[PDB]
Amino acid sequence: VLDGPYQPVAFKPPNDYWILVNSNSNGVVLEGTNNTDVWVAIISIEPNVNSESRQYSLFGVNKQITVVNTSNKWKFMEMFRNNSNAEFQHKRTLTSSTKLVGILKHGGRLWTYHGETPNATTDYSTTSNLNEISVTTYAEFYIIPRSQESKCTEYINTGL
């Protein structure tokens, strides 16, 4: 049912496969880019963090990012930009008790999860250059075909 776990690598995911990362620590879980119009990084924040500034290496650059998470769940912050000259924006949030995060390339679009477990759902960013998006994971991950997406969304929301 679940292909993995693979060790952390940089690679170019094929289309229509969910990459499901089993995050452990509170740093950058995941980052991806095609070097033309998508840079995305997913940042993990542990439970019960009052508002403060933390530093993260995004694509080899130390960046200052304001974080907060007053819940008892982990927070995964989806940072995004579409221009190599811009700064990252906190685009989306996944609030999770499972610590599992997803990214998929499908239909000209880049898909992640957001919301609150157990009712987290997918959303998208657009691109003209989907197939050049490569992904560097910083924790162990599994591969799921999009045809099995409902299982992926179960994992995301209820764990392994």
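The numbering used is simple: start at 1 and walk along the sequence shown.
In this crystal structure, the stretch out of 135-143 and 20-28 whose C-alpha atoms carry the higher mean B factor is 20-28. When the two stretches 61-69 and 34-42 are set side by side, the higher mean Cα temperature factor goes to 61-69. Of the candidates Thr121, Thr95, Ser125, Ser53, the PDB record gives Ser53 the highest C-alpha temperature factor. When the modelled residues of the chain are ordered by C-alpha B-factor, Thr158 sits in the highest third.
Per-chain ranking of the deposited C-alpha B factor places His106 in the highest third. Annotation for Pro5: CA B-factor lies in the lowest third of the chain's modelled residues.
Sorting the modelled residues of the chain by their CA temperature factor places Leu130 in the lowest third.
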